[PDB]
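**Q** Input model.pdb, format and content: PDB, N, CA, C and O atoms.
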MODEL        1
ATOM      1  N   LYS A   1      14.003  -6.070 -23.018
ATOM      2  CA  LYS A   1      15.300  -5.921 -22.298
ATOM      3  C   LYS A   1      15.068  -5.186 -20.976
ATOM      4  O   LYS A   1      13.997  -4.671 -20.725
ATOM      5  N   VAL A   2      16.067  -5.137 -20.132
ATOM      6  CA  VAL A   2      15.928  -4.438 -18.816
ATOM      7  C   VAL A   2      14.502  -4.605 -18.282
ATOM      8  O   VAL A   2      13.871  -3.660 -17.851
ATOM      9  N   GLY A   3      13.990  -5.805 -18.304
ATOM     10  CA  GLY A   3      12.607  -6.038 -17.798
ATOM     11  C   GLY A   3      12.646  -6.274 -16.288
ATOM     12  O   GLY A   3      11.834  -5.754 -15.547
ATOM     13  N   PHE A   4      13.582  -7.057 -15.823
ATOM     14  CA  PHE A   4      13.673  -7.330 -14.361
ATOM     15  C   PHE A   4      13.525  -6.019 -13.583
ATOM     16  O   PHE A   4      12.744  -5.922 -12.657
ATOM     17  N   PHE A   5      14.269  -5.013 -13.952
ATOM     18  CA  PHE A   5      14.176  -3.709 -13.237
ATOM     19  C   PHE A   5      12.705  -3.343 -13.027
ATOM     20  O   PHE A   5      12.304  -2.931 -11.957
ATOM     21  N   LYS A   6      11.901  -3.486 -14.044
ATOM     22  CA  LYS A   6      10.458  -3.143 -13.905
ATOM     23  C   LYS A   6       9.742  -4.243 -13.120
ATOM     24  O   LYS A   6       9.020  -3.975 -12.180
ATOM     25  N   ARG A   7       9.931  -5.481 -13.494
ATOM     26  CA  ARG A   7       9.255  -6.588 -12.761
ATOM     27  C   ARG A   7       9.475  -6.401 -11.261
ATOM     28  O   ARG A   7       8.731  -6.907 -10.444
ATOM     29  N   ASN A   8      10.490  -5.671 -10.897
ATOM     30  CA  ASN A   8      10.770  -5.437  -9.461
ATOM     31  C   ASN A   8       9.857  -4.324  -8.947
ATOM     32  O   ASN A   8       9.038  -4.528  -8.073
ATOM     33  N   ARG A   9       9.994  -3.151  -9.489
ATOM     34  CA  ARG A   9       9.144  -2.016  -9.048
ATOM     35  C   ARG A   9       7.675  -2.389  -9.230
ATOM     36  O   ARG A   9       6.785  -1.691  -8.787
ATOM     37  N   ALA A  10       7.412  -3.488  -9.880
ATOM     38  CA  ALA A  10       6.001  -3.904 -10.089
ATOM     39  C   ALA A  10       5.279  -3.899  -8.745
ATOM     40  O   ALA A  10       4.123  -3.535  -8.645
ATOM     41  N   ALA A  11       5.965  -4.283  -7.708
ATOM     42  CA  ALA A  11       5.355  -4.291  -6.350
ATOM     43  C   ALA A  11       6.240  -3.449  -5.437
ATOM     44  O   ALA A  11       6.390  -3.725  -4.266
ATOM     45  N   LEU A  12       6.852  -2.439  -6.001
ATOM     46  CA  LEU A  12       7.771  -1.555  -5.231
ATOM     47  C   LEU A  12       9.043  -2.339  -4.957
ATOM     48  O   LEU A  12       9.595  -2.304  -3.875
ATOM     49  N   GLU A  13       9.505  -3.065  -5.941
ATOM     50  CA  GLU A  13      10.733  -3.875  -5.748
ATOM     51  C   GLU A  13      10.556  -4.717  -4.492
ATOM     52  O   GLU A  13      11.502  -5.117  -3.845
ATOM     53  N   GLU A  14       9.329  -4.986  -4.148
ATOM     54  CA  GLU A  14       9.053  -5.803  -2.932
ATOM     55  C   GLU A  14       9.993  -7.014  -2.905
ATOM     56  O   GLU A  14      10.298  -7.552  -1.859
ATOM     57  N   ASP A  15      10.455  -7.444  -4.047
ATOM     58  CA  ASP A  15      11.374  -8.617  -4.086
ATOM     59  C   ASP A  15      12.712  -8.238  -3.450
ATOM     60  O   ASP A  15      13.760  -8.411  -4.039
ATOM     61  N   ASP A  16      12.686  -7.722  -2.251
ATOM     62  CA  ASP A  16      13.951  -7.336  -1.581
ATOM     63  C   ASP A  16      14.738  -8.594  -1.215
ATOM     64  O   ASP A  16      15.359  -8.673  -0.173
ATOM     65  N   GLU A  17      14.722  -9.577  -2.070
ATOM     66  CA  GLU A  17      15.475 -10.827  -1.779
ATOM     67  C   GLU A  17      16.895 -10.459  -1.351
ATOM     68  O   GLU A  17      17.407 -10.951  -0.364
ATOM     69  N   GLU A  18      17.534  -9.591  -2.087
ATOM     70  CA  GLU A  18      18.916  -9.180  -1.728
ATOM     71  C   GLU A  18      18.855  -8.074  -0.673
ATOM     72  O   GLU A  18      19.768  -7.897   0.107
ATOM     73  N   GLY A  19      17.782  -7.329  -0.642
ATOM     74  CA  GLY A  19      17.665  -6.235   0.363
ATOM     75  C   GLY A  19      17.453  -6.841   1.753
ATOM     76  O   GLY A  19      17.438  -6.145   2.748
ATOM     77  N   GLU A  20      17.288  -8.134   1.827
ATOM     78  CA  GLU A  20      17.078  -8.782   3.152
ATOM     79  C   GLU A  20      18.153  -8.305   4.130
ATOM     80  O   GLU A  20      19.207  -7.898   3.670
TER      81      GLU A  20
ENDMDL
END
Do you think you could lay out the structure here as structure tokens?

**A**
Amino acid sequence: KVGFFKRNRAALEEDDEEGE
């Protein structure tokens, strides 16, 4: 559960898809 939260910080939440 709540894995996405970690999969994000995996690269420093580099997935700033929404942070764009």

**Q** Could you please determine the separation between atom N of residue 5 (chain A) and atom N of residue 19 (chain A) in Å, to one decimal place?

**A**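 Result for atom N of residue 5 (chain A) versus atom N of residue 19 (chain A): 14.0 Å, one decimal.
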
**Q** Could you give me, as JSON, numbers by chain, each residue of chain A that DSSP assigns to helix (DSSP H, G or I) when run on this structure's backbone?

**A** {"A": [3, 4, 5, 6, 7, 8, 9]}

**Q** Convert the current residue selection to file output with N, CA, C and O atoms, as a PDB file, in the coordinates of the input.

**A**
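Heads up, here's the output in again-v8.pdb:
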ATOM      1  N   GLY A   3      13.990  -5.805 -18.304  1.00  0.00           N
ATOM      2  CA  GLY A   3      12.607  -6.038 -17.798  1.00  0.00           C
ATOM      3  C   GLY A   3      12.646  -6.274 -16.288  1.00  0.00           C
ATOM      4  O   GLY A   3      11.834  -5.754 -15.547  1.00  0.00           O
ATOM      5  N   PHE A   4      13.582  -7.057 -15.823  1.00  0.00           N
ATOM      6  CA  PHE A   4      13.673  -7.330 -14.361  1.00  0.00           C
ATOM      7  C   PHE A   4      13.525  -6.019 -13.583  1.00  0.00           C
ATOM      8  O   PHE A   4      12.744  -5.922 -12.657  1.00  0.00           O
ATOM      9  N   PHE A   5      14.269  -5.013 -13.952  1.00  0.00           N
ATOM     10  CA  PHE A   5      14.176  -3.709 -13.237  1.00  0.00           C
ATOM     11  C   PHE A   5      12.705  -3.343 -13.027  1.00  0.00           C
ATOM     12  O   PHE A   5      12.304  -2.931 -11.957  1.00  0.00           O
ATOM     13  N   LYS A   6      11.901  -3.486 -14.044  1.00  0.00           N
ATOM     14  CA  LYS A   6      10.458  -3.143 -13.905  1.00  0.00           C
ATOM     15  C   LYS A   6       9.742  -4.243 -13.120  1.00  0.00           C
ATOM     16  O   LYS A   6       9.020  -3.975 -12.180  1.00  0.00           O
ATOM     17  N   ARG A   7       9.931  -5.481 -13.494  1.00  0.00           N
ATOM     18  CA  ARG A   7       9.255  -6.588 -12.761  1.00  0.00           C
ATOM     19  C   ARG A   7       9.475  -6.401 -11.261  1.00  0.00           C
ATOM     20  O   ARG A   7       8.731  -6.907 -10.444  1.00  0.00           O
ATOM     21  N   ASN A   8      10.490  -5.671 -10.897  1.00  0.00           N
ATOM     22  CA  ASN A   8      10.770  -5.437  -9.461  1.00  0.00           C
ATOM     23  C   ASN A   8       9.857  -4.324  -8.947  1.00  0.00           C
ATOM     24  O   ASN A   8       9.038  -4.528  -8.073  1.00  0.00           O
ATOM     25  N   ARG A   9       9.994  -3.151  -9.489  1.00  0.00           N
ATOM     26  CA  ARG A   9       9.144  -2.016  -9.048  1.00  0.00           C
ATOM     27  C   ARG A   9       7.675  -2.389  -9.230  1.00  0.00           C
ATOM     28  O   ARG A   9       6.785  -1.691  -8.787  1.00  0.00           O
TER      29      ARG A   9
END

**Q** Let me have the centre and edge lengths in Å, one decimal, of the box along x, y and z around every listed atom of region 14-17 of chain A with 4 Å of margin on each side, as AutoDock Vina command-line options.

**A**
--center_x 13.2 --center_y -8.0 --center_z -2.2 --size_x 16.4 --size_y 14.0 --size_z 12.0

**Q** Report the distance between atom O of residue 15 (chain A) and CA of residue 2 (chain A) in Å, rounded to one decimal place.

**A**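 Separation of atom O of residue 15 (chain A) and CA of residue 2 (chain A): 15.5 Å.
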